[PDB]
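Structure file input.cif; described as mmCIF, C-alpha atoms.
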```
data_start
#
loop_
_atom_site.label_atom_id
_atom_site.label_comp_id
_atom_site.auth_asym_id
_atom_site.auth_seq_id
_atom_site.Cartn_x
_atom_site.Cartn_y
_atom_site.Cartn_z
CA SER A 18 0.00 0.00 0.00
CA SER A 19 2.61 2.54 1.07
CA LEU A 20 5.64 0.60 -0.18
CA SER A 21 4.03 0.07 -3.59
CA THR A 22 3.12 3.75 -3.82
CA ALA A 23 6.69 4.75 -2.94
CA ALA A 24 8.10 2.35 -5.52
CA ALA A 25 5.81 3.90 -8.12
CA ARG A 26 6.96 7.40 -7.15
CA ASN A 27 10.53 6.21 -7.78
CA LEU A 28 9.49 6.22 -11.48
CA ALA A 29 7.54 9.50 -11.34
CA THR A 30 8.33 13.21 -11.05
CA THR A 31 7.46 15.52 -8.17
CA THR A 32 6.07 19.01 -8.71
CA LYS A 33 8.43 21.50 -7.09
CA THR A 34 8.35 25.31 -7.01
CA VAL A 35 10.60 28.37 -7.03
CA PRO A 36 12.30 28.93 -3.65
CA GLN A 37 9.83 30.70 -1.34
CA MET A 38 10.98 33.71 0.67
CA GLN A 39 9.23 34.51 3.95
CA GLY A 40 10.98 37.89 3.97
CA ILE A 41 9.28 39.22 0.84
CA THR A 42 6.88 41.99 1.83
CA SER A 43 4.66 44.57 0.15
CA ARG A 44 7.17 47.30 -0.68
CA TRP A 45 4.55 50.03 -0.74
CA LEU A 46 7.00 52.95 -0.72
CA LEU A 47 8.66 51.83 -3.96
CA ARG A 48 5.31 51.25 -5.68
CA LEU A 49 3.76 54.53 -4.53
CA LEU A 50 6.72 56.91 -4.81
CA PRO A 51 7.02 58.52 -8.26
CA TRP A 52 10.44 58.11 -9.87
CA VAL A 53 12.19 60.99 -11.63
CA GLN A 54 15.13 60.39 -13.95
CA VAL A 55 18.44 61.99 -13.00
CA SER A 56 21.53 62.45 -15.16
CA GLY A 57 25.01 61.84 -13.79
CA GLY A 58 23.65 60.60 -10.47
CA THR A 59 23.08 64.16 -9.25
CA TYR A 60 19.84 66.03 -8.59
CA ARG A 61 19.64 69.72 -7.67
CA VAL A 62 16.82 71.14 -5.52
CA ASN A 63 16.44 74.92 -5.32
CA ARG A 64 15.29 75.45 -1.73
CA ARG A 65 14.31 78.63 0.10
CA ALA A 252 22.53 76.84 -1.16
CA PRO A 253 20.66 74.29 -3.28
CA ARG A 254 20.65 70.77 -1.90
CA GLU A 255 22.56 68.15 -3.91
CA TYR A 256 21.28 64.57 -4.11
CA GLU A 257 23.70 61.79 -5.06
CA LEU A 258 22.36 58.35 -5.97
CA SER A 259 23.10 55.68 -3.38
CA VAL A 260 23.94 52.14 -4.49
CA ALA A 261 22.56 48.87 -3.14
CA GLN A 262 24.97 46.30 -4.54
CA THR A 263 25.97 42.73 -3.79
CA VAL A 264 27.96 39.84 -5.26
CA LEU A 265 26.07 36.79 -6.51
CA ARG A 266 28.27 33.67 -6.42
CA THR A 267 27.17 30.61 -8.40
CA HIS A 268 29.08 27.38 -8.86
CA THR A 269 30.10 26.53 -12.40
CA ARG A 270 28.46 23.09 -12.04
CA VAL A 271 25.14 24.69 -11.07
CA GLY A 272 25.31 27.04 -14.04
CA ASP A 273 26.15 24.19 -16.42
CA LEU A 274 24.00 21.20 -15.41
CA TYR A 275 20.94 22.20 -13.32
CA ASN A 276 19.00 24.05 -16.02
CA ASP A 277 16.48 21.41 -17.18
CA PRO A 278 13.18 22.45 -15.49
CA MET A 279 14.22 26.02 -14.72
CA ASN A 280 17.30 28.21 -14.94
CA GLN A 281 18.86 28.15 -11.48
CA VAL A 282 21.20 31.09 -12.12
CA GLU A 283 18.19 33.15 -13.23
CA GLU A 284 16.26 32.14 -10.11
CA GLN A 285 19.22 33.07 -7.92
CA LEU A 286 19.38 36.44 -9.69
CA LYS A 287 15.66 36.97 -9.08
CA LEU A 288 16.02 36.24 -5.37
CA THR A 289 19.07 38.52 -5.21
CA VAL A 290 17.12 41.34 -6.87
CA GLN A 291 14.25 40.81 -4.44
CA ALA A 292 16.62 41.10 -1.47
CA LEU A 293 18.12 44.23 -3.05
CA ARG A 294 14.65 45.77 -3.35
CA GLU A 295 13.86 44.91 0.27
CA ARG A 296 16.99 46.64 1.55
CA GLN A 297 16.24 49.55 -0.81
CA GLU A 298 12.82 49.88 0.84
CA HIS A 299 14.50 49.76 4.24
CA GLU A 300 16.93 52.53 3.25
CA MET A 301 14.17 54.75 1.83
CA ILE A 302 12.89 55.09 5.41
CA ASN A 303 15.74 54.43 7.84
CA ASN A 304 18.74 56.03 6.15
CA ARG A 305 20.35 59.02 7.86
CA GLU A 306 21.13 60.82 4.60
CA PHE A 307 17.97 60.67 2.46
CA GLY A 308 15.62 58.63 4.67
CA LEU A 309 12.09 59.96 5.09
CA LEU A 310 12.12 59.42 8.85
CA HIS A 311 15.19 61.67 9.13
CA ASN A 312 14.52 64.22 6.36
CA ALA A 313 11.39 65.68 7.94
CA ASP A 314 11.27 69.32 8.96
CA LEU A 315 11.18 69.90 12.71
CA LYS A 316 7.97 71.92 12.30
CA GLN A 317 6.45 68.94 10.45
CA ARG A 318 7.16 66.43 13.25
CA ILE A 319 4.37 66.40 15.85
CA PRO A 320 3.80 64.21 18.94
CA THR A 321 0.68 62.51 20.30
CA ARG A 322 -1.30 64.14 23.09
CA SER A 323 -1.72 60.93 25.14
CA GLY A 324 0.46 58.40 23.31
CA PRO A 325 -2.05 56.13 21.58
CA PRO A 326 -2.81 57.18 17.97
CA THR A 327 -6.19 58.83 18.59
CA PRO A 328 -8.30 60.32 15.77
CA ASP A 329 -7.33 63.78 17.08
CA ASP A 330 -3.66 63.03 16.40
CA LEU A 331 -4.64 61.76 12.95
CA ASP A 332 -6.43 65.07 12.31
CA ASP A 333 -3.37 67.05 13.45
CA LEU A 334 -1.18 64.98 11.13
CA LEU A 335 -3.62 65.60 8.28
CA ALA A 336 -3.58 69.34 8.93
CA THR A 337 0.22 69.45 8.83
CA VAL A 338 0.24 68.32 5.18
CA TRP A 339 -3.05 69.93 4.20
CA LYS A 340 -2.34 70.37 0.47
CA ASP A 341 -3.18 67.21 -1.51
CA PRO A 342 -2.11 64.56 1.05
CA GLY A 343 -1.20 61.40 -0.84
CA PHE A 344 -1.21 58.53 1.64
CA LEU A 345 -0.34 57.44 5.16
CA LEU A 346 2.39 54.92 5.99
CA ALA A 347 2.41 52.99 9.26
CA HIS A 348 3.55 49.77 10.88
CA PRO A 349 0.99 46.94 11.20
CA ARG A 350 1.12 47.36 14.99
CA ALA A 351 0.44 51.08 14.48
CA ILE A 352 -2.52 50.30 12.21
CA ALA A 353 -3.89 47.89 14.82
CA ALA A 354 -3.59 50.63 17.46
CA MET A 355 -5.41 53.25 15.38
CA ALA A 356 -8.14 50.73 14.61
CA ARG A 357 -8.55 50.01 18.32
CA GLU A 358 -8.95 53.74 18.96
CA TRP A 359 -11.59 53.85 16.21
CA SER A 360 -13.47 50.94 17.78
CA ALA A 361 -13.29 52.53 21.23
CA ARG A 362 -14.74 55.79 19.88
CA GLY A 363 -17.53 54.10 17.89
CA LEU A 364 -16.08 55.09 14.50
CA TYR A 365 -16.02 52.82 11.46
CA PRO A 366 -13.91 54.54 8.78
CA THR A 367 -14.58 53.76 5.14
CA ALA A 368 -12.10 51.44 3.41
CA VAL A 369 -10.81 52.92 0.15
CA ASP A 370 -10.41 50.76 -2.96
CA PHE A 371 -6.94 51.59 -4.32
CA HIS A 372 -6.50 49.86 -7.70
CA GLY A 373 -7.41 46.20 -7.02
CA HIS A 374 -6.57 46.45 -3.31
CA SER A 375 -8.88 47.49 -0.46
CA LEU A 376 -7.09 49.51 2.21
CA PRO A 377 -7.93 51.29 5.46
CA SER A 378 -8.17 55.05 5.23
CA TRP A 379 -8.58 58.17 7.36
CA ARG A 380 -10.75 60.87 5.77
CA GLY A 381 -10.07 59.56 2.28
CA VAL A 382 -6.31 59.16 2.77
CA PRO A 383 -5.34 55.49 2.23
CA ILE A 384 -3.21 53.86 4.93
CA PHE A 385 -0.41 51.53 3.85
CA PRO A 386 1.30 49.01 6.16
CA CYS A 387 5.09 48.87 6.18
CA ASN A 388 7.20 46.81 8.58
CA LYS A 389 10.38 48.75 7.77
CA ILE A 390 9.23 51.55 10.10
CA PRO A 391 10.98 50.84 13.42
CA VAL A 392 9.19 49.89 16.61
CA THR A 393 11.24 50.91 19.62
CA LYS A 394 11.87 48.82 22.73
CA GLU A 395 9.48 51.19 24.56
CA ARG A 396 6.86 49.91 22.06
CA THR A 397 6.57 53.13 20.06
CA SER A 398 6.51 53.84 16.33
CA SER A 399 5.82 56.66 13.86
CA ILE A 400 3.24 57.44 11.17
CA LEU A 401 4.13 59.21 7.92
CA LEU A 402 1.87 61.40 5.78
CA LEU A 403 3.22 62.21 2.32
CA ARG A 404 2.40 64.28 -0.73
CA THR A 405 3.95 62.65 -3.79
CA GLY A 406 4.94 64.11 -7.13
CA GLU A 407 7.40 66.45 -8.79
CA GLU A 408 4.70 68.72 -10.22
CA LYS A 409 2.97 68.99 -6.82
CA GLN A 410 6.23 69.66 -4.94
CA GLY A 411 6.07 66.34 -3.13
CA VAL A 412 8.31 63.47 -2.11
CA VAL A 413 9.86 61.82 -5.17
CA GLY A 414 12.17 58.87 -5.77
CA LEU A 415 15.45 59.32 -7.63
CA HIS A 416 16.90 56.72 -10.00
CA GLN A 417 18.73 56.51 -13.32
CA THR A 418 17.31 54.25 -15.99
CA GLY A 419 19.18 53.51 -19.20
CA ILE A 420 22.48 52.58 -17.50
CA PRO A 421 24.54 50.02 -19.45
CA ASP A 422 24.40 46.31 -18.61
CA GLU A 423 20.96 46.96 -17.18
CA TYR A 424 18.70 44.11 -16.05
CA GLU A 425 15.69 45.87 -14.50
CA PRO A 426 15.14 49.66 -14.54
CA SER A 427 18.10 51.38 -12.81
CA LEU A 428 19.50 47.94 -11.84
CA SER A 429 22.55 46.45 -13.57
CA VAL A 430 24.18 43.01 -13.48
CA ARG A 431 27.80 42.58 -14.58
CA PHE A 432 30.06 39.56 -14.91
CA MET A 433 33.06 39.84 -12.59
CA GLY A 434 34.98 36.64 -13.36
CA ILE A 435 35.57 33.06 -12.24
CA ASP A 436 37.99 32.25 -9.42
CA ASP A 437 40.24 29.26 -8.71
CA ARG A 438 37.35 27.31 -7.13
CA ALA A 439 35.24 27.67 -10.25
CA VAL A 440 32.66 30.07 -8.81
CA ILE A 441 31.09 32.56 -11.21
CA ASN A 442 30.76 36.02 -9.63
CA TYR A 443 28.26 38.68 -10.70
CA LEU A 444 27.96 42.26 -9.46
CA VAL A 445 24.34 43.42 -9.13
CA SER A 446 23.89 47.16 -8.52
CA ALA A 447 20.77 49.30 -8.09
CA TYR A 448 20.95 53.10 -7.90
CA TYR A 449 18.34 54.97 -5.87
CA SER A 450 17.71 58.02 -3.71
CA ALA A 451 14.87 60.09 -2.23
CA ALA A 452 14.08 63.81 -2.20
CA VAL A 453 11.50 65.95 -0.40
CA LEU A 454 11.04 69.00 -2.61
CA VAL A 455 9.42 71.28 -0.01
CA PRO A 456 9.27 70.88 3.80
CA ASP A 457 5.46 70.70 3.94
CA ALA A 458 5.22 67.60 1.72
CA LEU A 459 6.07 65.23 4.58
CA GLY A 460 4.66 65.01 8.09
CA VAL A 461 5.52 62.63 10.92
CA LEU A 462 3.44 61.70 13.95
CA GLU A 463 5.96 60.58 16.56
CA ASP A 464 5.97 58.61 19.82
CA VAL A 465 2.94 56.52 18.80
CA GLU A 466 2.28 53.95 21.54
CA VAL A 467 1.43 50.82 19.56
CA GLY A 468 1.16 48.67 22.67
CA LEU A 469 2.34 45.16 23.44
#
```
What is this file in structure tokens?
Amino acid sequence: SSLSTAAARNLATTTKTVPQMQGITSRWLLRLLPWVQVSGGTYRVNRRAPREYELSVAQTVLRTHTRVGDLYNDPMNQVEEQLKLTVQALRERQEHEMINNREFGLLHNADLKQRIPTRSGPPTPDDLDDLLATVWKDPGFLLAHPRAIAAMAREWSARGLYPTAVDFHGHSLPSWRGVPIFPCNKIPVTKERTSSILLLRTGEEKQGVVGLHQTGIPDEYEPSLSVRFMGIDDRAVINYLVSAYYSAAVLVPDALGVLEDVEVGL
């Protein structure tokens, strides 16, 4: 019964699948942020000396054995799958740097007048209204941690408020006064169980937060991402350099607002 079935499997093929990554998340900042093309890796912003923006690089070395690249290509190209997973990891760390970097990160490039605290510590609807009023000109969307979103929803339930869920493209999302709320785990949660909420206006024509990249680069794989052969070493390992160029820019101080010290709760 079982032995016969196993023996039969010995002459059959199993259905496998691409390696599955638990880490892969919904990189909402990359999808929502408009991307403006820069030349020479430099972008000038005339602010009321102009600020200079240099493209940062997220790069890594992909090492693949020569045997893997030669033999294991029958059902699917293993070097291509390794490249896809490498690009996915690159995009994840890009999303992390768009928020947490000390040079162009959103959490650190916010004007001191635009950062506001919470009156009591939980993210009450009053704090949401204050955050909305900070960026009062065409507010694009809110970005928060899942714990933060849970905390705001518990304040809504405690106050007897059921906010309408906006339908953004094919996705239904929570919203506050028409402003869609997007979850992002890259936003830090401190050991005191506190986080931050970001309200953004997006667009170059609206003087909002934009993303900076450079498409067209040579040896390009995906837009603004390039893969280059580096060589084979004495142990017969093929090395590839994969590089993605990216930056962020807030055109005017009022395009970004931060609600700070949000008590998400344990």
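With all atoms listed in the file taken into account, the protein and nucleic acid residues at most 7 Å from stretch 259-266 of chain A (excluding it and anything under 6 positions from it in its own chain) are residues 293, 297, 440, 441, 442, 443, 444, 445, 446, 447, 448, 449 and 450 of chain A.
Evaluating the PyMOL selection byres ((chain A and resi 61) around 12) against the shown model yields residues 55, 56, 57, 58, 59, 60, 62, 63, 64, 252, 253, 254, 255, 256, 257, 258, 415, 452, 453 and 454 of chain A.
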Evaluate the PyMOL selection byres ((chain A and resi 377) around 12) on the structure here and hand back the selected residues as a PDB file with C-alpha atoms, in the frame of the given file.
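Full text of result.pdb as output:
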```
ATOM      1  CA  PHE A 344      -1.210  58.530   1.640  1.00  0.00           C
ATOM      2  CA  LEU A 345      -0.340  57.440   5.160  1.00  0.00           C
ATOM      3  CA  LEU A 346       2.390  54.920   5.990  1.00  0.00           C
ATOM      4  CA  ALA A 347       2.410  52.990   9.260  1.00  0.00           C
ATOM      5  CA  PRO A 349       0.990  46.940  11.200  1.00  0.00           C
ATOM      6  CA  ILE A 352      -2.520  50.300  12.210  1.00  0.00           C
ATOM      7  CA  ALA A 353      -3.890  47.890  14.820  1.00  0.00           C
ATOM      8  CA  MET A 355      -5.410  53.250  15.380  1.00  0.00           C
ATOM      9  CA  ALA A 356      -8.140  50.730  14.610  1.00  0.00           C
ATOM     10  CA  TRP A 359     -11.590  53.850  16.210  1.00  0.00           C
ATOM     11  CA  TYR A 365     -16.020  52.820  11.460  1.00  0.00           C
ATOM     12  CA  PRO A 366     -13.910  54.540   8.780  1.00  0.00           C
ATOM     13  CA  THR A 367     -14.580  53.760   5.140  1.00  0.00           C
ATOM     14  CA  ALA A 368     -12.100  51.440   3.410  1.00  0.00           C
ATOM     15  CA  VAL A 369     -10.810  52.920   0.150  1.00  0.00           C
ATOM     16  CA  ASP A 370     -10.410  50.760  -2.960  1.00  0.00           C
ATOM     17  CA  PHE A 371      -6.940  51.590  -4.320  1.00  0.00           C
ATOM     18  CA  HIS A 374      -6.570  46.450  -3.310  1.00  0.00           C
ATOM     19  CA  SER A 375      -8.880  47.490  -0.460  1.00  0.00           C
ATOM     20  CA  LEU A 376      -7.090  49.510   2.210  1.00  0.00           C
ATOM     21  CA  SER A 378      -8.170  55.050   5.230  1.00  0.00           C
ATOM     22  CA  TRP A 379      -8.580  58.170   7.360  1.00  0.00           C
ATOM     23  CA  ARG A 380     -10.750  60.870   5.770  1.00  0.00           C
ATOM     24  CA  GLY A 381     -10.070  59.560   2.280  1.00  0.00           C
ATOM     25  CA  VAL A 382      -6.310  59.160   2.770  1.00  0.00           C
ATOM     26  CA  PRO A 383      -5.340  55.490   2.230  1.00  0.00           C
ATOM     27  CA  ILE A 384      -3.210  53.860   4.930  1.00  0.00           C
ATOM     28  CA  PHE A 385      -0.410  51.530   3.850  1.00  0.00           C
ATOM     29  CA  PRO A 386       1.300  49.010   6.160  1.00  0.00           C
TER      30      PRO A 386
END
```
Would you kindly return, as an NGL selection string, each protein, DNA or RNA residue with an atom no farther than 7 Å from any atom of stretch 311-326 of chain A, considering only C-alpha atoms and excluding same-chain residues fewer than 3 positions away?
:A and (305 or 307-308 or 330 or 337 or 354-355 or 456-457 or 459-467)
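The space separating atom CA of residue A:299 from atom CA of residue A:45 comes to 11.1 Å.
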